Amino acid sequence: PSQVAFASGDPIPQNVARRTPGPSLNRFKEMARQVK
Amino acid sequence: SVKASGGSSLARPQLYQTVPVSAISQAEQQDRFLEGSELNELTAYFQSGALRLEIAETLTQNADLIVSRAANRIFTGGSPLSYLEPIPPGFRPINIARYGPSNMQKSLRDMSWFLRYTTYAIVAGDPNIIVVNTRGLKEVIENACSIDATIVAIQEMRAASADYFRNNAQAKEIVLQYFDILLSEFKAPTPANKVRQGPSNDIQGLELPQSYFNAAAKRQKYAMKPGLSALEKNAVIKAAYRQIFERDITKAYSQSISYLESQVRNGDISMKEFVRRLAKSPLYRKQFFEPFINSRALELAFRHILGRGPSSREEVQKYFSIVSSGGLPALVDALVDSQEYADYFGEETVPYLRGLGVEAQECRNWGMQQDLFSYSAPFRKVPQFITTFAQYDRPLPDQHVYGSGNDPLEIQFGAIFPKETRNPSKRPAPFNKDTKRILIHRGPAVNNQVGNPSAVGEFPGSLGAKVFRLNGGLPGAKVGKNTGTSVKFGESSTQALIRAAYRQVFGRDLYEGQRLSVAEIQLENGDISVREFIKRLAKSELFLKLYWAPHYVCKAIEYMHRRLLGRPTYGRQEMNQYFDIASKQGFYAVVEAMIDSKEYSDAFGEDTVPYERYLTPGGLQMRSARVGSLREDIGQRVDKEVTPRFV
Amino acid sequence: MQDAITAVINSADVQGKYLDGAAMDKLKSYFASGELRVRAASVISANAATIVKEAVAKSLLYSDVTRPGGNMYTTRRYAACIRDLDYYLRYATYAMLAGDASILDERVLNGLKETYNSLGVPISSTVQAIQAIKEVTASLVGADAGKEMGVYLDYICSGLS
Amino acid sequence: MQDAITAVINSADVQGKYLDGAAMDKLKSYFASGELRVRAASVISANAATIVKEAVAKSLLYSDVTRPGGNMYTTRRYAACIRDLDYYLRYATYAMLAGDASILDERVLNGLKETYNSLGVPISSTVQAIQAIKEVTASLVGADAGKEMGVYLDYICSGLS
Amino acid sequence: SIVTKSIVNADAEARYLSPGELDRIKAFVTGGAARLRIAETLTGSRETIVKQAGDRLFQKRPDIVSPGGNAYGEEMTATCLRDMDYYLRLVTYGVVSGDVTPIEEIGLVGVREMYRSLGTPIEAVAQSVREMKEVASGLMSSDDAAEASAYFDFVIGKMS
Amino acid sequence: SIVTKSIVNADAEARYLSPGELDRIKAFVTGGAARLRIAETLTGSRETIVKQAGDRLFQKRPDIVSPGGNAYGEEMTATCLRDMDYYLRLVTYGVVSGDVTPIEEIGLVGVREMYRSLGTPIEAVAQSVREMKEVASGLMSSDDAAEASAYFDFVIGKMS
Amino acid sequence: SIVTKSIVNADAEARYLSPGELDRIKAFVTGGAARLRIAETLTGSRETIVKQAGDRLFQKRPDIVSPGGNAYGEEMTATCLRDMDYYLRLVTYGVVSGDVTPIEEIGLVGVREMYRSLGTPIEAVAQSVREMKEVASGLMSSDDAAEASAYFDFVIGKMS
Amino acid sequence: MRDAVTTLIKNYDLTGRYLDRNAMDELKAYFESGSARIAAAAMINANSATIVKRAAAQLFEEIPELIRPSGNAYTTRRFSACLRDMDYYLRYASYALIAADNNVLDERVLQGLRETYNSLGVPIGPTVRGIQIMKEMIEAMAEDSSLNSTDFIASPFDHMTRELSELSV
Ligand SMILES: *[C@H](C)[C@H]1/C(=C/c2[nH]c(/C=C3N=C(/C=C4\NC(=O)C(CC)=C4C)C(C)=C\3CCC(=O)O)c(CCC(=O)O)c2C)NC(=O)[C@@H]1C
Ligand SMILES: *[C@H](C)[C@H]1/C(=C/c2[nH]c(/C=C3N=C(/C=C4\NC(=O)C(CC)=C4C)C(C)=C\3CCC(=O)O)c(CCC(=O)O)c2C)NC(=O)[C@@H]1C
Ligand SMILES: *[C@H](C)[C@H]1/C(=C/c2[nH]c(/C=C3N=C(/C=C4\NC(=O)C(CC)=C4C)C(C)=C\3CCC(=O)O)c(CCC(=O)O)c2C)NC(=O)[C@@H]1C
Ligand SMILES: *[C@H](C)[C@H]1/C(=C/c2[nH]c(/C=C3N=C(/C=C4\NC(=O)C(CC)=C4C)C(C)=C\3CCC(=O)O)c(CCC(=O)O)c2C)NC(=O)[C@@H]1C
Ligand SMILES: *[C@H](C)[C@H]1/C(=C/c2[nH]c(/C=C3N=C(/C=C4\NC(=O)C(CC)=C4C)C(C)=C\3CCC(=O)O)c(CCC(=O)O)c2C)NC(=O)[C@@H]1C
Ligand SMILES: *[C@H](C)[C@H]1/C(=C/c2[nH]c(/C=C3N=C(/C=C4\NC(=O)C(CC)=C4C)C(C)=C\3CCC(=O)O)c(CCC(=O)O)c2C)NC(=O)[C@@H]1C
Ligand SMILES: *[C@H](C)[C@H]1/C(=C/c2[nH]c(/C=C3N=C(/C=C4\NC(=O)C(CC)=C4C)C(C)=C\3CCC(=O)O)c(CCC(=O)O)c2C)NC(=O)[C@@H]1C
Ligand SMILES: *[C@H](C)[C@H]1/C(=C/c2[nH]c(/C=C3N=C(/C=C4\NC(=O)C(CC)=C4C)C(C)=C\3CCC(=O)O)c(CCC(=O)O)c2C)NC(=O)[C@@H]1C
């Protein structure tokens, strides 16, 4: 009977990843590769 | 920038339909509990959902293998998987190097995203996510990608997912049909866009792609056909009551006109004629005409009959002229016997609320229609349409930068603010940073600091508020009146100053156990100045409790500025300043900042008690546009009453 | 503002009745989960800047909102958005401590929607931002505390919507 | 406020790119007209009270507005109308120097209608008085710069509609 | 309550609650069971306390129930016992809340202006609460009544 | 612009533009071709100046690119060079407008609060503009370099 | 101290101490021996806390010890250990007082202006107290650690 | 809806003035430029679909995150809606070109655009960028075509940029 517990029981943690620089900064990613 | 704002209420478009979403919303629109049908929709889905988890889990894990076997078959001349992010009609294998890296990156990710949306489709249990995202895709992909290569790619994935899974015929067929839908929707060319034609010259024409109206939950459309069994006929009539009265009133209060119900059940009068007679009935008149202004009742009549808000300024102007001429019947007649009504609903179909998902929407009456489609619309008694439409053409109104609600009533005491919830009368206006509000000076018009900044510390001479100053010598300042002198005359003057200083910080005179006795006697001894005394009364825990704590942060800042400086804030620049202090430092520092401001020091010295210096135009209108106090020469032509020449 | 204790008192005061058996049970329910609320508040107090940091990092960073033309491009706007998120987290904590969302009505959601519409702030973007708080909060605060915090943050979302 | 320069800066900033060839052309066009803009401003600066005087004498003086029963009858009201026309000439010069009517929307026409309706300021008579300024300014400055001034003076008039 | 007062003080300085204020709430929460016992005992004999303390009041200050007195008459004595029941109810709210804010907001703020307009001596109402304390302390145990009397003492102190 | 700040100052005093103020706009419009040349020079090396200033910053302050730093990894270093390019563009807008208000309103007002949330050393970004100034002066003349430096120094001064 | 904080709050409203305020001092004075036990443990093993938490900071954020950082060299590392020793001393003063005012008056008010003039990242100093909390909690009993960490978390909260 | 003629009428009607020398000259300037305005409108009517698609393709290469996940141009549904919006802006600029007035651009486009885009979560930055890309696409094509006047083409798109975009400074 205790299978009904979805929102009443323990909530399942969801993995939300950190937002990363995208292909708009491909110019700067190229610059960061040459800055070494 | 735009001078008016209708509001930006949260829009929630349905991106794709699921089985639970399809089941729940079906009875939600009908205003029923989930019956034996809609429960069985879920029951069969929840049982199959366990299997549907096993479909995806295998396909999510082996996702790399499926796309690898696909790309190798389609693309020739090297390895397509170098940079990873059955029936051939007549396809030619595309070269890797010839296609280019940028086009190859698109091609690879789409092949993965096609499979990704297939996995979401099984988990959702409805191929709606496919139908939407695949229907109008053939045309846009044709330009720089071969169609013949895509069909065999999906067909490869169809076989790839079939062989890898292969559990049961009750299990694999779900994978097969959803892939079969996927290829058929991709083979299908882009359908024609839904064209919302303007009903008249006043309203603009719109267009919506055949994809947006494929997911956004279709509004249940009921049509009275004469042959229908009386159960679904009852469902049509209940829906007609749910449209006109916003709710099923026949279930709620047993308020129903059976006289009209009988004629439509037979087919004597059409649904067009039913809506006509029901909206001119005393049942509607009492509820949606009687409690409302002529403008707002018009706005409600729009959503009940046409199923939309008034679209243009000219439309409100036209339909208000109708409701002024013949009233409610004439308004109803104009709404039903329109070119729009007979185009949408015709004669048989019950009117339905056409919102964000149903049709293409115009960027004019967005937030005005959003609040109208809500069930909290017949409580907003302030018109939202005619107000915004008129404010659109006009410049920025006399208003606080953070809305009309942020403005307190210009009264002696009590911070009274218009509530957002209680009687919706929110009037947003796009105010920018460097926007100074025009304020009317209490004293001389020449003594305004906007035009005369030198005359900021000039006292209003029987034009504005009375100025309280510690000009006279405080009692027991010098040791001239030694020991005695019981009748020291300069004692009542400083006590009247204290009371006025209390009256400025707190609009009203305080009680016995509220007066700060420590601060009073320090001023009376001459230990602290008036500037420090005003600061201490505003730094009091009572001022925190009475004006700061129960009110909205920026409402509390605005009222404090109207009490300590006797002036509303000019705009954003000042409001943002004190709001920044309120966030970091707190309430006490906001008090400190308003007292230690240069403008405070210029207007009021160390001995000067603050006073009302500037009013809002709306505030002065409340004071001097009543029956009394209003002069004869304000907004009236004055004729010189002279005795006639025969007299 | 009123808390869970004050809500019981004010309900008894308006009727003019002494605290009855049902009222005593309502208070005991709050006193059952009170140590949990205090411990929950101390976690948020420590990670005040940290929760806001990750919330922006998971939703708002490297988006069209923070990009030029957006409503969170300029540093003055970015700081103003951070300021708002600092307000939302603090007042949610107060409401969590109180056990009542009456403070959120009085202080926050009295004229927030009218302010945001006048400013031209995307409410859709803020709802996503406060939803981003909800996950980061529950990661540090716990499950039962995360459920409590999850309600009041959704109430801020509900008021804005 | 926004001038013709900051309007180009604003447009380039929200795009998130440096000032292109088209952006440079818009600046050079303003700098070419800038010589006429400063010249006109200096003459209006020196002849400030005289333009108002001629405008009041043209429209307002020896009328029902200045006579008893009118709104420009009282001395505190007369000096207010002088100051009002002192605002209009000053801010029109400001907008003329700027090259944009942004300042007029932010300071001048910012709830001006509701101000004038509350006090009982004649809307028709004030518009004619600004037109009286427009005619005097054009005759005093020139046919090119006075017409250029007349655009912003008509903007105040159309804002009072 | 004490939760409300702490939050308002915290919002005044625009900061999260100090661990001193956090320790204030948690100890009140754990020591709340004793506070509910006080409220139950005061409610249990609410018609016993008011009746006894009223009798103590009209014996100590009989000029109140003499011609010229504010509570002179069968109707006026009844209103006085009604007033005494209000303050006893206010005490029960105060003990439960762990703060004197609910007593202040309802039945202490503007009490001096109220009893002045009615023509009631404020020192006599302070005496009625003082006698109300004595009867209540007799019913409750030593340590339990001692922390309960503090809420009575505020009502005395604010009025007298 | 130098116009906007002149208007604001004149509006605050409620007066027409000063003969001194009008002469500064006169000197601005005549030297409008000169300041647009500096902007084109800065735009010309939009990927060269910030590149050189980047290399010079990461050798002077290697803690930035070291583990535990704010700009650790190729993704975060890209964001640092993005900030470099933003501020260089902000100076480019500044030299064109001849004012610090088109600079401050974008990326100086509330910048300490801005970088605090990201956990960025503000004094390191102050050195970022310092290195930008030196390279920009290198790829420029002498007389126009001092005019460019003045707006660069404001970006340094308000940040540090 | 919690006594002083109570007095100044009562003096601001010009009133005697609240029944709750007097009870809190009573609860503090009874648990004063427990607060002394927290101090005696932290003062006894003071050098072991700051050394471990210091090293735990240096492994987490090595950019501090790396060149370009604030605490570069053995002398500057010893200064960072001293800074943490000073802050651990503030916590011990905080727990005996029962309030965060002693911590505020010495080493919290105007700390952001201080470490700016030193060029020290304040978020790294915030993380050092976080590590100091972790080692101290593992040193002494959990019932005393929960009380100790409450004052530690305030130092973290005000720092960050 | 108001054109350059109606705006000038409304301006003179407000003051109650007959059409003077300045009024007649402004009308004559419209009527002489009108031939170029229709010819410019004939150009964009010919290349309505081609410009919209190419300007989008340039936009999603400038800002790639739009067509990437969490972007508001990711799905086909969103891609069709964005190209529809790009079609709208070109269509209302088409009206604004002949009208020589930005009232049609204000009334039916810009008035409730900010409120809508903030509701669904549609970006306002990439939008005005996409409008400005279209502007550069028209101007270059108008330079290629035999057109005497091309300066009026920039006017509606710049007004679309000015009104919709956030006030940076
Ligand atoms: C005449 C005394 C003054 C005056 C009036 C005026 N009114 C309008 C237009 C409208 N009138 C209303 C008001 C009402 N709606 C209601 O529900 C009620 C109560 C039953 C009333 C009286 C509204 C909403 C409108 C708008 C409809 C429309 O566009 O006509 C105008 C026209 C203004 C315009 O063209 O925008 C006028 C002039 N104003 C004056 O000048 C007189 C002193
Ligand atoms: C008594 C006849 C009835 C009554 C009164 C009542 N008033 C308040 C509080 C306020 N009274 C006002 C009104 C005014 N503001 C003004 O400027 C003037 C004219 C000089 C008046 C009369 C205001 C602003 C308030 C708000 C708080 C304040 O005092 O500043 C209350 C308390 C309401 C509350 O809940 O706070 C009451 C009860 N109500 C009755 O029951 C009587 C019939
Ligand atoms: C951050 C999640 C997002 C965001 C926020 C944002 N808001 C504003 C503007 C203001 N916010 C408020 C609102 C409040 N008033 C109150 O009383 C409280 C506390 C309960 C709040 C939260 C106010 C008053 C302002 C105006 C301040 C000012 O004048 O600057 C902005 C600033 C926008 C601008 O400068 O025009 C921002 C950035 N918007 C986003 O883009 C984020 C997704
Ligand atoms: C005579 C003593 C001096 C003088 C008079 C003079 N006045 C004007 C112009 C005006 N005077 C007023 C002033 C008032 N009218 C009012 O309503 C009141 C308050 C009751 C006063 C004091 C006004 C408003 C006018 C304008 C006239 C009109 O109605 O249109 C003039 C004419 C100025 C001109 O050349 O236009 C004159 C000559 N001048 C002197 O030299 C005497 C010392
Ligand atoms: C003269 C053209 C006409 C006229 C004017 C008139 N105005 C007032 C009063 C005020 N004028 C303003 C308006 C402004 N203040 C600002 O900040 C701006 C924007 C730059 C303007 C234009 C204000 C605020 C007032 C109120 C007083 C004050 O200065 O604060 C009056 C007096 C009204 C009264 O009864 O007090 C008058 C007469 N009216 C006419 O008759 C002319 C056609
Ligand atoms: C390089 C000099 C230093 C550095 C940079 C760095 N910055 C961020 C994050 C952001 N940078 C900004 C700042 C701006 N945006 C603007 O609008 C302006 C004014 C024109 C500027 C300068 C913002 C808002 C961000 C957020 C990212 C985004 O907008 O998408 C980071 C990333 C850190 C993180 O992930 O939290 C970095 C690394 N860091 C250093 O250590 C250098 C000294
Ligand atoms: C050709 C062999 C392959 C191919 C190439 C290709 N793709 C794009 C870009 C897009 N892909 C899509 C499609 C989708 N949208 C959805 O909702 C889904 C899930 C059902 C998919 C797969 C869209 C809309 C685009 C455009 C957005 C973008 O730029 O990414 C291109 C670029 C188009 C152009 O020339 O402008 C190309 C060349 N895609 C295929 O279908 C083949 C596997
Ligand atoms: C493409 C340039 C960008 C983009 C577009 C986009 N918009 C929506 C949503 C809507 N678009 C509008 C706006 C208008 N309709 C009008 O009448 C006018 C004036 C002519 C405009 C500009 C409306 C009303 C909607 C909502 C309903 C509808 O589609 O008709 C979407 C859909 C968002 C969703 O996912 O639900 C999109 C994708 N988005 C981008 O990212 C581009 C920068």
Side-chain angles (χ1 to χ4, degrees), chain B residues 2-4 313-314 317 386 389-398 438 635 637, chain D residues 51-52 55-56 58-60 63-65 70-72 81 84-85 87-89 91-92 95-96 100-139 146-161, chain H residues 1-30 99-107 111 159:
Chain B
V2 201
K3 305 284 178 286
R313 167 75 177 89
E314 286 83 55
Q317 191 169 240
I386 188 76
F389 281 133
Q391 199 75 253
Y392 272 140
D393 294 63
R394 283 210 318 153
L396 282 152
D398 170 51
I438 299 155
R637 186 210 72 260
Chain D
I51 285 176
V52 174
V56 177
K58 198 191 280 288
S59 298
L60 291 158
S63 189
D64 60 297
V65 195
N71 201 57
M72 208 196 165
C81 182
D84 276 21
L85 292 164
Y87 279 131
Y88 289 138
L89 185 65
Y91 276 98
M96 188 263 298
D100 280 309
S102 64
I103 187 152
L104 299 168
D105 292 309
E106 281 164 59
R107 303 178 111 95
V108 184
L109 299 161
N110 185 48
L112 186 69
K113 192 81 177 286
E114 284 91 309
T115 309
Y116 271 16
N117 287 335
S118 60
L119 288 154
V121 175
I123 319 292
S124 62
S125 297
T126 196
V127 158
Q128 289 291 105
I130 298 157
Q131 281 291 326
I133 280 177
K134 188 196 169 186
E135 283 172 55
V136 162
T137 310
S139 62
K147 190 196 82 71
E148 195 254 307
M149 260 286 286
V151 177
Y152 307 102
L153 283 156
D154 283 350
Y155 192 86
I156 302 154
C157 282
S158 62
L160 271 151
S161 69
Chain H
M1 198 271 162
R2 280 143 65 188
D3 77 317
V5 178
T6 310
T7 307
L8 202 91
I9 286 158
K10 276 179 79 72
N11 188 60
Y12 275 87
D13 181 67
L14 158 86
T15 60
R17 288 182 295 158
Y18 276 79
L19 294 144
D20 69 328
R21 191 84 172 268
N22 292 61
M24 290 290 176
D25 276 37
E26 280 290 306
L27 283 157
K28 200 187 280 288
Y30 171 76
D101 193 36
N102 299 309
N103 188 259
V104 59
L105 210 96
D106 277 316
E107 277 266 47
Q111 265 182 9
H159 187 97

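The chains referred to below are lettered A, B, ... by the order of the sequence lines, with proteins before strands, and numbering in each begins at 1.
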On a heavy-atom basis, the closest approach of D:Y88 and D:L153 is O-CD2, 4.2 Å
Can you tell if the side chain of H:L27 reaches within under 4.5 Å of the side chain of H:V5, non-hydrogen atoms only? yes
Under 3.5 Å, is there a donor-acceptor pair between the side chain of H:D13 and the main chain of H:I9? no
To check you understand the geometry: which heavy-atom pair defines the closest contact between H:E26 and D:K147, and what is its length? OE2-NZ, 4.1 Å
Under 3.5 Å, side chain of D:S63 to main-chain N/O of D:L60, donor-acceptor pair present? no
Verify whether one side chain among B:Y392 and H:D106 offers a donor that lies under 3.5 Å from an acceptor in the other. no
B:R313 versus B:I386: any side-chain heavy-atom pair under 4.5 Å? yes
For B:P397 and D:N110, the nearest pair of non-hydrogen atoms, with its separation, is O-OD1, 4.3 Å
Scan D:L119, D:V121, D:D64 and name whichever one has a side chain to side chain contact (heavy atoms under 4.5 Å, CB included) with D:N71. D:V121
Can you list the steps and then say if D:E114 with B:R394 is a side chain to side chain contact (heavy atoms under 4.5 Å, CB included)? CA-CA 11 Å; D:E114 284 91 309; B:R394 283 210 318 153; 2.8 Å; yes
D:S59 and D:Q128 have their tightest heavy-atom pair at OG-O, 3.6 Å
On a heavy-atom basis, which atom in B:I438 and which in D:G111 lie closest, and how many Å separate them? CD1-C, 4.5 Å
Should H:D3 and H:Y30 count as side-chain neighbours, where that means a heavy-atom distance under 4.5 Å? yes
Close side-chain approach of B:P395 to D:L112, heavy-atom, < 4.5 Å: no
Does any part of the side chain of D:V136, heavy atoms only, come nearer than 4.5 Å to the side chain of D:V52, both counted from C-beta? no
For H:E107 against B:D393, the heavy-atom pair lying closest together: OE2-OD2, 3.6 Å
Just by distance, with hydrogens left out, do D:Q131 and D:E135 show a side-chain donor and acceptor under 3.5 Å apart? no
Side chains of H:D101 and H:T6: closer than 4.5 Å at any heavy-atom pair? no
Would a 4.5 Å heavy-atom cut-off, applied to side chains only, mark D:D84 and D:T126 as touching? no
Candidate pair D:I51 and D:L85, rule side chain to side chain contact (heavy atoms under 4.5 Å, CB included), full reasoning: CA-CA 9 Å; D:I51 285 176; D:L85 292 164; over 6 Å; no
Please step through side chain to side chain contact (heavy atoms under 4.5 Å, CB included) for the pair H:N11 and H:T15, ending with a clear verdict. CA-CA 7 Å; H:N11 188 60; H:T15 60; 5.9 Å; no
Point-to-point distance, once rounded to the nearest 0.5 Å, from NZ of B:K3 to CD of H:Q111: 10.5 Å
Under the side chain to side chain contact (heavy atoms under 4.5 Å, CB included) rule, what do D:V151 and D:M96 come out as? Steps first, then yes or no, please. CA-CA 9 Å; D:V151 177; D:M96 188 263 298; over 6 Å; no
Can you check whether D:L109 reaches B:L396 side chain to side chain, under 4.5 Å on heavy atoms? no
